[PDB]
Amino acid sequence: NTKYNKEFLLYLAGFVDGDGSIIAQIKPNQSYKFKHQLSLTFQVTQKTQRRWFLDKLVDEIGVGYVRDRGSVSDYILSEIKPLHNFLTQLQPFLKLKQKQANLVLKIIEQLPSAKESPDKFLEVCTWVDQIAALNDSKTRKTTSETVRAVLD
């Protein structure tokens, strides 16, 4: 449980509400008990020419990594234990993304107990349904409705 500075979290909080993104997805995968994977990721996008800023995040936050995708670069943090630790300390300073942040935290908490019941998985599959609305979604496909392919 690595603890972060308050001035660090305050700034970042504003930058996250700015260019950050708190994604939560249900990815269809046959290798999973319920045919879908619950992906949770914290993104931070920026012009590759400004990648150094992204790289600096991997150092300051501790975990995570930075991917390159042409003209733009993202800083990705998908590791659940660390991510839950980050959003726990960050959540109190967010103003725009503070709802999804706490939703993602909620999902992480119920992830183990959602691997058991098909009814719970579907309910957690609903939390993410909420995050997507709160975000500015436009290219979403796999929703909790489709996850009801459980009826077999």
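One-based numbering along the sequence shown.
Relative to its counterpart among 39 to 47 and 61 to 69, 39 to 47 has the higher mean temperature factor, C-alpha atoms as listed in the PDB entry.
Per the PDB record, of the two stretches 108 to 116 and 86 to 94, 108 to 116 carries the greater mean B-factor over its C-alpha atoms.
Highest CA B-factor among the listed residues (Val124, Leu54, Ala101, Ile26): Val124. Per-chain ranking of the deposited C-alpha B factor places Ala13 in the lowest third. When the modelled residues of the chain are ordered by their C-alpha B factor, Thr142 lands in the middle third. Remark: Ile131 belongs to the middle third of its chain, ranked by C-alpha B-factor as recorded.
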